[PDB]
Amino acid sequence: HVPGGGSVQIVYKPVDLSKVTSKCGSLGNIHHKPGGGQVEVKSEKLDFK
Amino acid sequence: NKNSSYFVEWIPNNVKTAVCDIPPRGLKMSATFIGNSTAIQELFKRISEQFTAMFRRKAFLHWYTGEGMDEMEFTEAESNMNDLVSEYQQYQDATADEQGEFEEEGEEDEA
């Protein structure tokens, strides 16, 4: 007989962050909205016709 | 902090702590230690080599078989302790160093 055991394997496994996916509201934007209307439309020059 | 060299570093802290309110009768304070240093390989490695060297000439076995024991079972218990010995020997000096879930791809030429 040959004594000294057979063989036994270690428990060890590789690791990864799985390309995981979540929500982001901030990622959906790069630009701001244009301004409101700064201009008068009511004014009249009061000509006596 | 004083050493990591005698601690298993891939178990981040090897330590379990507790603090009971009541000491033993006649004492002020105390602690009980229970440890597993992989050094303990030597114990079993002794036992399973001392076993095998008597067994390799069948010494004493006549007393064992006389209580109907099986002659195959020696071979089995000593094999099991050789697996158990090998267990400490492989987990001693085992890696804290990382390995990724990433395979070989044929994505390049030679350069």
# chains A, B, ... in the order shown; residues from 1 in each chain; ligands from 1

$ closest_atom_pairs --of "chain B" --to "chain A" --cutoff "7 Å" --atoms "only C-alpha atoms" --output "JSON lines"
{"residue": "B:79", "atom": "CA", "partner": "A:5", "partner_atom": "CA", "distance": 5.4}
{"residue": "B:82", "atom": "CA", "partner": "A:5", "partner_atom": "CA", "distance": 4.8}
{"residue": "B:83", "atom": "CA", "partner": "A:8", "partner_atom": "CA", "distance": 5.9}
{"residue": "B:86", "atom": "CA", "partner": "A:8", "partner_atom": "CA", "distance": 6.8}
{"residue": "B:90", "atom": "CA", "partner": "A:10", "partner_atom": "CA", "distance": 6.8}
{"residue": "B:99", "atom": "CA", "partner": "A:14", "partner_atom": "CA", "distance": 5.0}
{"residue": "B:100", "atom": "CA", "partner": "A:14", "partner_atom": "CA", "distance": 4.9}
{"residue": "B:101", "atom": "CA", "partner": "A:14", "partner_atom": "CA", "distance": 5.1}

$ atom_distance --atom1 "CA of residue 46 in chain B" --atom2 "CA of residue 78 in chain B"
11.3 Å

$ residues_around --residues "range 7-15 of chain B" --least-positions-apart "5" --cutoff "10 Å" --atoms "only C-alpha atoms" --output "JSON, numbers by chain"
{"B": [35, 36, 37, 38, 91, 92, 93, 94, 95, 96, 97]}

$ write_last_selection --atoms "N, CA and C atoms" --output "PDB file, in the first residue's frame"
ATOM      1  N   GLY B  35      -9.302  28.833  20.513  1.00  0.00           N
ATOM      2  CA  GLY B  35      -8.651  29.212  19.250  1.00  0.00           C
ATOM      3  C   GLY B  35      -8.477  28.060  18.260  1.00  0.00           C
ATOM      4  N   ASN B  36      -8.268  28.374  16.984  1.00  0.00           N
ATOM      5  CA  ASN B  36      -7.938  27.401  15.935  1.00  0.00           C
ATOM      6  C   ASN B  36      -6.790  27.913  15.050  1.00  0.00           C
ATOM      7  N   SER B  37      -5.545  27.807  15.527  1.00  0.00           N
ATOM      8  CA  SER B  37      -4.389  28.013  14.678  1.00  0.00           C
ATOM      9  C   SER B  37      -4.011  26.785  13.860  1.00  0.00           C
ATOM     10  N   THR B  38      -3.903  26.958  12.538  1.00  0.00           N
ATOM     11  CA  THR B  38      -3.608  25.901  11.549  1.00  0.00           C
ATOM     12  C   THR B  38      -2.336  25.085  11.830  1.00  0.00           C
ATOM     13  N   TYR B  91      -5.271  25.376   3.740  1.00  0.00           N
ATOM     14  CA  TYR B  91      -5.792  26.659   4.243  1.00  0.00           C
ATOM     15  C   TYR B  91      -4.738  27.522   4.967  1.00  0.00           C
ATOM     16  N   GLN B  92      -3.664  26.931   5.494  1.00  0.00           N
ATOM     17  CA  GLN B  92      -2.471  27.655   5.937  1.00  0.00           C
ATOM     18  C   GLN B  92      -1.762  28.323   4.744  1.00  0.00           C
ATOM     19  N   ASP B  93      -1.372  29.591   4.895  1.00  0.00           N
ATOM     20  CA  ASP B  93      -0.806  30.448   3.831  1.00  0.00           C
ATOM     21  C   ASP B  93      -1.721  30.663   2.601  1.00  0.00           C
ATOM     22  N   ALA B  94      -3.019  30.347   2.695  1.00  0.00           N
ATOM     23  CA  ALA B  94      -3.975  30.591   1.611  1.00  0.00           C
ATOM     24  C   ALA B  94      -4.196  32.097   1.348  1.00  0.00           C
ATOM     25  N   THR B  95      -4.590  32.437   0.119  1.00  0.00           N
ATOM     26  CA  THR B  95      -4.561  33.811  -0.413  1.00  0.00           C
ATOM     27  C   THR B  95      -5.614  34.765   0.178  1.00  0.00           C
ATOM     28  N   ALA B  96      -5.183  35.951   0.616  1.00  0.00           N
ATOM     29  CA  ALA B  96      -6.040  37.147   0.646  1.00  0.00           C
ATOM     30  C   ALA B  96      -6.100  37.861  -0.730  1.00  0.00           C
ATOM     31  N   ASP B  97      -5.122  37.594  -1.602  1.00  0.00           N
ATOM     32  CA  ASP B  97      -4.975  38.148  -2.955  1.00  0.00           C
ATOM     33  C   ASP B  97      -6.151  37.755  -3.872  1.00  0.00           C
TER      34      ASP B  97
END

$ residues_around --residues "residue 81 in chain B" --least-positions-apart "3" --cutoff "10 Å" --atoms "only C-alpha atoms" --output "VMD selection string"
(chain A and resid 4 to 5) or (chain B and resid 44 to 45 47 to 49 76 to 78 84 to 87)

$ write_last_selection --atoms "N, CA, C and O atoms" --output "short mmCIF file (atom, residue, chain, number, x, y, z; two decimals), in the first residue's frame"
data_model
loop_
_atom_site.label_atom_id
_atom_site.label_comp_id
_atom_site.auth_asym_id
_atom_site.auth_seq_id
_atom_site.Cartn_x
_atom_site.Cartn_y
_atom_site.Cartn_z
N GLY A 4 -0.20 8.16 3.12
CA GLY A 4 0.02 9.61 2.95
C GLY A 4 -1.18 10.37 2.41
O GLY A 4 -1.07 11.56 2.08
N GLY A 5 -2.34 9.71 2.33
CA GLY A 5 -3.58 10.27 1.80
C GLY A 5 -3.68 10.21 0.28
O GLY A 5 -2.69 10.12 -0.44
N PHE B 44 -2.70 15.89 14.22
CA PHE B 44 -3.32 14.90 13.36
C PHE B 44 -2.24 14.30 12.46
O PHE B 44 -2.34 13.12 12.17
N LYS B 45 -1.17 15.03 12.13
CA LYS B 45 -0.18 14.54 11.19
C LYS B 45 0.69 13.51 11.89
O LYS B 45 0.95 12.44 11.36
N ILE B 47 -0.63 11.65 14.51
CA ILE B 47 -1.54 10.55 14.73
C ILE B 47 -1.68 9.66 13.51
O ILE B 47 -1.60 8.43 13.51
N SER B 48 -1.82 10.24 12.31
CA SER B 48 -1.98 9.49 11.08
C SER B 48 -0.69 8.96 10.46
O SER B 48 -0.79 7.97 9.75
N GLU B 49 0.51 9.45 10.78
CA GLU B 49 1.74 8.70 10.59
C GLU B 49 2.20 7.63 11.57
O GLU B 49 2.78 6.61 11.24
N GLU B 76 -9.70 3.46 6.29
CA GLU B 76 -10.68 4.50 6.03
C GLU B 76 -10.49 5.67 6.99
O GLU B 76 -10.41 6.76 6.42
N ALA B 77 -10.26 5.41 8.28
CA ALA B 77 -10.15 6.44 9.29
C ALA B 77 -8.84 7.19 9.09
O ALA B 77 -8.85 8.42 9.12
N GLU B 78 -7.74 6.48 8.82
CA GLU B 78 -6.43 7.06 8.52
C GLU B 78 -6.45 7.84 7.19
O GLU B 78 -5.90 8.94 7.14
N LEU B 84 -8.14 15.40 6.35
CA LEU B 84 -8.26 16.46 7.36
C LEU B 84 -6.94 17.21 7.60
O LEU B 84 -6.94 18.43 7.71
N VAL B 85 -5.80 16.52 7.62
CA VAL B 85 -4.47 17.10 7.70
C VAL B 85 -4.16 18.03 6.54
O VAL B 85 -3.82 19.19 6.76
N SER B 86 -4.38 17.51 5.33
CA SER B 86 -4.26 18.23 4.06
C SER B 86 -5.12 19.49 4.03
O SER B 86 -4.71 20.50 3.47
N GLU B 87 -6.30 19.45 4.67
CA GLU B 87 -7.19 20.60 4.84
C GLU B 87 -6.47 21.77 5.54
O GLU B 87 -6.41 22.87 4.99
#
